[PDB]
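Reading through the structure tokens given below for one structure.
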Amino acid sequence: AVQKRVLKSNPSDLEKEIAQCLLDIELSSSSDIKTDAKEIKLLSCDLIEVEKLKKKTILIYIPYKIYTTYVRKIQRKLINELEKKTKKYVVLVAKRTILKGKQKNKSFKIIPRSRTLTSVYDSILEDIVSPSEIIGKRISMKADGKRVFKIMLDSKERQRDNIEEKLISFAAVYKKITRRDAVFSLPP
RNA sequence: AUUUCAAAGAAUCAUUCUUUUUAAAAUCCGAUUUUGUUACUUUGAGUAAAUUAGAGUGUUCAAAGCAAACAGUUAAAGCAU
């Protein structure tokens, strides 16, 4: 039934807890979850704990097609309901193929731009911020050659109370995904 | 303009050189090893001597040359029994 329906990965408790929360929204029939949670499929989940230690954050991988068609459409409303159920800070991202064309893979006349490492990381950066929208990107090159990605977000979600912990969370998630340093900001 | 960023360790003087690992496809016993072409570059292979650079070597020195050196008044010694 429900665990097998939701979870792509083999049976696991915390993944099952997210599935349970989505099911809890689906059973109850909350007002603004449009056409239910019910076609959401969980690929896998990871748990990340930030240095500043304000709760813990869950990253959720979703199959690309489900994520674009279902998750992206409703995403702010869906995340807030899931956040309300969930005891920890959740972010949903699309799983994406990464490969190099010098390996000369079987089904490819040239690797698509969508499957390029840089494009994938930019696309994932879009996915994590998603309820808020990127104004601009800037890469600061430290004297010792360390590189810091300064990401400016919108002015709409600036006036939320949860901002800096969320910015820390975005920075944390992107670092866990790829070991670049981030900084995030909101307009003066 | 454009397409795979990096990370951590070990060696070593705050420096430096290095190793490990981070998608995908094919293969071999869940682990193990392969993946455009050319220019460019690295090593190599094979490559007349004389000349040339250059080592060894006091031709009376040097230009040269390719020789020489050692000990023995004819034995010490080495090796054949």
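Ordering of the structure tokens sets the chain letters (A, B, ...), residue numbers begin anew at 1 in every chain, and ligands are numbered from 1 in the order given.
Neighbouring residues of range 161-166 of chain A at 10 Å or closer, counting only C-alpha atoms (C1' of nucleotides) and skipping chain neighbours under 4 positions away, are residues 50, 52, 53, 54, 55, 57, 89, 129, 157, 170, 171, 172, 184, 185 and 186 of chain A.
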Practice problem: Provide as number ranges by chain the residues of chain A at most 8 Å from chain B, counting only C-alpha atoms (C1' of nucleotides). | Solution: A: 97-100, 102-106, 113, 116-118, 179-180
Let me see the file: selected residues, C-alpha atoms, as a CSV table (one decimal), in the first residue's frame.
chain,number,residue,atom,x,y,z
A,97,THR,CA,21.9,12.9,-14.3
A,98,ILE,CA,25.5,14.0,-14.3
A,99,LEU,CA,28.0,12.5,-16.7
A,100,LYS,CA,31.0,13.4,-19.0
A,102,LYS,CA,34.5,11.8,-22.9
A,103,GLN,CA,33.2,8.5,-21.5
A,104,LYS,CA,31.2,8.4,-24.8
A,105,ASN,CA,27.9,7.0,-23.4
A,106,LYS,CA,25.7,4.8,-25.4
A,113,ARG,CA,23.4,21.2,-21.5
A,116,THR,CA,26.2,19.5,-17.6
A,117,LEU,CA,27.6,19.8,-14.0
A,118,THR,CA,27.5,23.6,-13.9
A,179,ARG,CA,31.5,21.6,-1.3
A,180,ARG,CA,31.5,25.2,-2.4
Quiz item: In range 3-134 of chain A, what's helix (DSSP H, G or I) per DSSP? Answer as a ChimeraX atom specification?
Solution: /A:3-6,13-28,64-71,75-85,101-103,113-115,117-129
Exercise. Tell me which protein, DNA and RNA residues are within 8 Å of range 64-70 of chain A, counting only C-alpha atoms (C1' of nucleotides), leaving out same-chain ones fewer than 4 positions away, and put them as a list in words.
Key: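 Returned residues: residues 39, 40, 41, 74, 93, 94, 95 and 96 of chain A.
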Quiz prompt | In range 40-105 of chain A, DSSP strand (DSSP E) residues written as a PyMOL selection string | solution = chain A and resi 44-48+57-63+89-95
Could you write out the selected residues, including N, CA and C atoms, as a PDB file, in the first residue's frame?
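Writing done, so here's out-v2.pdb:
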ATOM      1  N   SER A  44      14.698   9.592  -2.338  1.00  0.00           N
ATOM      2  CA  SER A  44      15.474   9.349  -1.137  1.00  0.00           C
ATOM      3  C   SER A  44      15.561  10.637  -0.347  1.00  0.00           C
ATOM      4  N   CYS A  45      16.019  10.554   0.907  1.00  0.00           N
ATOM      5  CA  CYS A  45      16.130  11.674   1.814  1.00  0.00           C
ATOM      6  C   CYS A  45      17.473  11.648   2.526  1.00  0.00           C
ATOM      7  N   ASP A  46      18.010  12.825   2.884  1.00  0.00           N
ATOM      8  CA  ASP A  46      19.245  12.964   3.626  1.00  0.00           C
ATOM      9  C   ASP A  46      19.018  13.947   4.770  1.00  0.00           C
ATOM     10  N   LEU A  47      19.728  13.750   5.888  1.00  0.00           N
ATOM     11  CA  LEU A  47      19.590  14.547   7.083  1.00  0.00           C
ATOM     12  C   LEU A  47      20.897  15.275   7.298  1.00  0.00           C
ATOM     13  N   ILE A  48      20.802  16.587   7.537  1.00  0.00           N
ATOM     14  CA  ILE A  48      21.920  17.487   7.618  1.00  0.00           C
ATOM     15  C   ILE A  48      21.724  18.332   8.861  1.00  0.00           C
ATOM     16  N   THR A  57      17.982  19.828   9.209  1.00  0.00           N
ATOM     17  CA  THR A  57      17.369  19.965   7.898  1.00  0.00           C
ATOM     18  C   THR A  57      17.406  18.671   7.118  1.00  0.00           C
ATOM     19  N   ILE A  58      16.305  18.400   6.413  1.00  0.00           N
ATOM     20  CA  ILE A  58      16.098  17.236   5.599  1.00  0.00           C
ATOM     21  C   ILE A  58      16.132  17.679   4.156  1.00  0.00           C
ATOM     22  N   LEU A  59      17.005  17.058   3.353  1.00  0.00           N
ATOM     23  CA  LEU A  59      16.976  17.199   1.921  1.00  0.00           C
ATOM     24  C   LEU A  59      16.235  16.003   1.353  1.00  0.00           C
ATOM     25  N   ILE A  60      15.342  16.244   0.392  1.00  0.00           N
ATOM     26  CA  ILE A  60      14.534  15.245  -0.264  1.00  0.00           C
ATOM     27  C   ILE A  60      14.824  15.247  -1.742  1.00  0.00           C
ATOM     28  N   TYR A  61      15.258  14.106  -2.287  1.00  0.00           N
ATOM     29  CA  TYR A  61      15.397  13.930  -3.712  1.00  0.00           C
ATOM     30  C   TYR A  61      14.109  13.348  -4.273  1.00  0.00           C
ATOM     31  N   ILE A  62      13.666  13.885  -5.419  1.00  0.00           N
ATOM     32  CA  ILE A  62      12.419  13.541  -6.073  1.00  0.00           C
ATOM     33  C   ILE A  62      12.793  13.207  -7.512  1.00  0.00           C
ATOM     34  N   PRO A  63      12.208  12.228  -8.204  1.00  0.00           N
ATOM     35  CA  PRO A  63      12.390  12.051  -9.641  1.00  0.00           C
ATOM     36  C   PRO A  63      11.977  13.271 -10.450  1.00  0.00           C
ATOM     37  N   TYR A  89      13.402  21.095   9.329  1.00  0.00           N
ATOM     38  CA  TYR A  89      13.299  21.905   8.116  1.00  0.00           C
ATOM     39  C   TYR A  89      13.510  21.114   6.825  1.00  0.00           C
ATOM     40  N   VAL A  90      12.496  21.034   5.952  1.00  0.00           N
ATOM     41  CA  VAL A  90      12.539  20.225   4.742  1.00  0.00           C
ATOM     42  C   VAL A  90      12.850  21.052   3.498  1.00  0.00           C
ATOM     43  N   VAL A  91      13.715  20.558   2.586  1.00  0.00           N
ATOM     44  CA  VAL A  91      13.743  21.044   1.211  1.00  0.00           C
ATOM     45  C   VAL A  91      13.688  19.903   0.182  1.00  0.00           C
ATOM     46  N   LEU A  92      12.840  20.050  -0.863  1.00  0.00           N
ATOM     47  CA  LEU A  92      12.662  19.110  -1.966  1.00  0.00           C
ATOM     48  C   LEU A  92      13.444  19.528  -3.210  1.00  0.00           C
ATOM     49  N   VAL A  93      14.272  18.638  -3.789  1.00  0.00           N
ATOM     50  CA  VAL A  93      15.012  18.896  -5.019  1.00  0.00           C
ATOM     51  C   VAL A  93      14.811  17.783  -6.044  1.00  0.00           C
ATOM     52  N   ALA A  94      14.952  18.109  -7.342  1.00  0.00           N
ATOM     53  CA  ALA A  94      14.921  17.128  -8.406  1.00  0.00           C
ATOM     54  C   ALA A  94      16.252  16.408  -8.586  1.00  0.00           C
ATOM     55  N   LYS A  95      16.233  15.064  -8.585  1.00  0.00           N
ATOM     56  CA  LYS A  95      17.360  14.261  -9.025  1.00  0.00           C
ATOM     57  C   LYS A  95      17.696  14.486 -10.511  1.00  0.00           C
TER      58      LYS A  95
END
Quiz item: Skipping near chain neighbours, those fewer than 6 positions away, what residues fall within 12 Å of residue 126 in chain A using only C-alpha atoms (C1' of nucleotides), listed as an MDAnalysis selection string?
Solution: chainID A and resid 72 91:94 119:120 132:137 151:153 170 174
Serialized selection, N, CA, C and O atoms, as a PDB file, in the first residue's frame:
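Wrote it out as part.pdb, contents follow:
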ATOM      1  N   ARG A  72       6.870  21.593  -8.483  1.00  0.00           N
ATOM      2  CA  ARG A  72       7.123  22.965  -8.877  1.00  0.00           C
ATOM      3  C   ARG A  72       5.881  23.844  -8.942  1.00  0.00           C
ATOM      4  O   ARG A  72       5.897  25.008  -8.539  1.00  0.00           O
ATOM      5  N   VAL A  91      13.715  20.558   2.586  1.00  0.00           N
ATOM      6  CA  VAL A  91      13.743  21.044   1.211  1.00  0.00           C
ATOM      7  C   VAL A  91      13.688  19.903   0.182  1.00  0.00           C
ATOM      8  O   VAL A  91      14.364  18.880   0.297  1.00  0.00           O
ATOM      9  N   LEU A  92      12.840  20.050  -0.863  1.00  0.00           N
ATOM     10  CA  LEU A  92      12.662  19.110  -1.966  1.00  0.00           C
ATOM     11  C   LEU A  92      13.444  19.528  -3.210  1.00  0.00           C
ATOM     12  O   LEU A  92      13.303  20.657  -3.685  1.00  0.00           O
ATOM     13  N   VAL A  93      14.272  18.638  -3.789  1.00  0.00           N
ATOM     14  CA  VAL A  93      15.012  18.896  -5.019  1.00  0.00           C
ATOM     15  C   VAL A  93      14.811  17.783  -6.044  1.00  0.00           C
ATOM     16  O   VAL A  93      14.528  16.626  -5.725  1.00  0.00           O
ATOM     17  N   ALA A  94      14.952  18.109  -7.342  1.00  0.00           N
ATOM     18  CA  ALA A  94      14.921  17.128  -8.406  1.00  0.00           C
ATOM     19  C   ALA A  94      16.252  16.408  -8.586  1.00  0.00           C
ATOM     20  O   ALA A  94      17.310  17.021  -8.747  1.00  0.00           O
ATOM     21  N   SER A 119      25.350  23.488 -15.050  1.00  0.00           N
ATOM     22  CA  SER A 119      23.919  23.689 -15.223  1.00  0.00           C
ATOM     23  C   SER A 119      23.112  22.982 -14.158  1.00  0.00           C
ATOM     24  O   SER A 119      22.189  23.549 -13.576  1.00  0.00           O
ATOM     25  N   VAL A 120      23.489  21.736 -13.825  1.00  0.00           N
ATOM     26  CA  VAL A 120      22.864  20.950 -12.781  1.00  0.00           C
ATOM     27  C   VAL A 120      22.958  21.641 -11.435  1.00  0.00           C
ATOM     28  O   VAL A 120      21.960  21.788 -10.737  1.00  0.00           O
ATOM     29  N   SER A 132      11.354  31.196  -2.708  1.00  0.00           N
ATOM     30  CA  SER A 132      11.915  32.503  -2.970  1.00  0.00           C
ATOM     31  C   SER A 132      12.738  32.440  -4.253  1.00  0.00           C
ATOM     32  O   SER A 132      13.159  31.376  -4.706  1.00  0.00           O
ATOM     33  N   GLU A 133      12.944  33.592  -4.908  1.00  0.00           N
ATOM     34  CA  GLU A 133      13.502  33.697  -6.242  1.00  0.00           C
ATOM     35  C   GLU A 133      14.827  34.460  -6.256  1.00  0.00           C
ATOM     36  O   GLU A 133      15.010  35.478  -5.585  1.00  0.00           O
ATOM     37  N   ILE A 134      15.824  33.946  -7.011  1.00  0.00           N
ATOM     38  CA  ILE A 134      17.163  34.518  -7.097  1.00  0.00           C
ATOM     39  C   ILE A 134      17.179  35.797  -7.912  1.00  0.00           C
ATOM     40  O   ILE A 134      16.719  35.853  -9.052  1.00  0.00           O
ATOM     41  N   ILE A 135      17.736  36.867  -7.334  1.00  0.00           N
ATOM     42  CA  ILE A 135      17.970  38.130  -8.000  1.00  0.00           C
ATOM     43  C   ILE A 135      19.323  38.122  -8.697  1.00  0.00           C
ATOM     44  O   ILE A 135      19.455  38.599  -9.824  1.00  0.00           O
ATOM     45  N   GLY A 136      20.374  37.555  -8.064  1.00  0.00           N
ATOM     46  CA  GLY A 136      21.694  37.548  -8.680  1.00  0.00           C
ATOM     47  C   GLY A 136      22.721  36.744  -7.929  1.00  0.00           C
ATOM     48  O   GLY A 136      22.628  36.522  -6.724  1.00  0.00           O
ATOM     49  N   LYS A 137      23.734  36.274  -8.675  1.00  0.00           N
ATOM     50  CA  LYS A 137      24.812  35.423  -8.211  1.00  0.00           C
ATOM     51  C   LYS A 137      26.165  36.116  -8.362  1.00  0.00           C
ATOM     52  O   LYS A 137      26.439  36.800  -9.350  1.00  0.00           O
ATOM     53  N   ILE A 151      24.640  34.734  -2.953  1.00  0.00           N
ATOM     54  CA  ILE A 151      23.358  34.633  -3.632  1.00  0.00           C
ATOM     55  C   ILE A 151      22.322  35.588  -3.051  1.00  0.00           C
ATOM     56  O   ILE A 151      21.901  35.489  -1.898  1.00  0.00           O
ATOM     57  N   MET A 152      21.866  36.570  -3.849  1.00  0.00           N
ATOM     58  CA  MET A 152      20.852  37.512  -3.419  1.00  0.00           C
ATOM     59  C   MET A 152      19.460  37.009  -3.789  1.00  0.00           C
ATOM     60  O   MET A 152      19.161  36.716  -4.948  1.00  0.00           O
ATOM     61  N   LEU A 153      18.571  36.883  -2.790  1.00  0.00           N
ATOM     62  CA  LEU A 153      17.170  36.545  -2.955  1.00  0.00           C
ATOM     63  C   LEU A 153      16.247  37.759  -3.073  1.00  0.00           C
ATOM     64  O   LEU A 153      16.649  38.903  -2.856  1.00  0.00           O
ATOM     65  N   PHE A 170      19.850  27.130   3.463  1.00  0.00           N
ATOM     66  CA  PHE A 170      20.192  27.107   2.048  1.00  0.00           C
ATOM     67  C   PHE A 170      21.682  26.949   1.792  1.00  0.00           C
ATOM     68  O   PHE A 170      22.115  26.093   1.018  1.00  0.00           O
ATOM     69  N   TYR A 174      23.449  23.564   0.028  1.00  0.00           N
ATOM     70  CA  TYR A 174      24.233  23.654  -1.182  1.00  0.00           C
ATOM     71  C   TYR A 174      25.658  23.156  -0.957  1.00  0.00           C
ATOM     72  O   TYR A 174      26.186  22.414  -1.780  1.00  0.00           O
TER      73      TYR A 174
END
